[PDB]
Amino acid sequence: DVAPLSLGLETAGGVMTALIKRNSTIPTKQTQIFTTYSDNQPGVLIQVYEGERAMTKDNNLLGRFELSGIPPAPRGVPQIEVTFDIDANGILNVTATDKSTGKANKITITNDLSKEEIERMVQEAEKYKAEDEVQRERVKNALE
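For the record, in the sequence shown the residue sitting at position 65 is 65 according to the working numbering, with numbers rising by one throughout.
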């Protein structure tokens, strides 16, 4: 019925950027536009995470994929359309599309987390909220 944890990707500096918030009713789909952190960046590495912590290293890695062939441009210029989709079965599909070329790549996360594991993660996020925000502040929608 609901997404037990927020689902997002890593933005520059290892920042957790959530596309689907914890407790969102499913099926659900959210889209955000991202960009490159470096000049003439030829690709973006999409790193899929689940959890409530501000930094991705403190959340659970679900999977990674690369989107290559980004045409040369200054940092912050390319437009990468990222869509997180949860179907009726609770399965997550993540797609990244380069708006200039139309090139897309995707990953489907399979469940081949218990109530206590989810509760531990939510509680830990509440306990370390300040340390987490300090780390986030020092390091917007740019991807590496």
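We treat Cβ as the ideally placed atom computed from N, Cα and C, and that holds for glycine.
| Cβ-based burial, residue 59 [other Cβ within 10 Å; buried from 16] | Residue 59 counts as buried, since at least 16 other C-beta atoms from the protein chains shown sit within 10 angstroms of its C-beta.
| request: Count the other C-beta atoms from every protein chain shown that fall within 10 angstroms of the C-beta of residue 78, then say buried if there are 16 or more, exposed otherwise. | output: buried
| message | Report the CB separation of residue 35 from residue 76 in whole angstroms; it is logged as a contact under 8 Å. | response | Distance from residue 35 to residue 76 at the Cβ level is roughly 5 Å; contact confirmed, criterion being Cβ atoms closer than 8 Å.
| query | If you drop the 5 nearest sequence neighbours on each side, which residues of the same chain put their C-beta closer than 7 Å to that of residue 55? | reply | 14, 15, 16, 132, 135, 136
| residue 102 to residue 66, Cα distance in whole Å? | 15 Å
| Taking the Cβ atom as the reference point for each residue, do residue 185 and residue 21 lie within a distance shorter than 8 Å? | Residue numbering for the chain in the displayed model covers 1 to 144; residue 185 lies beyond these limits and cannot be assessed.
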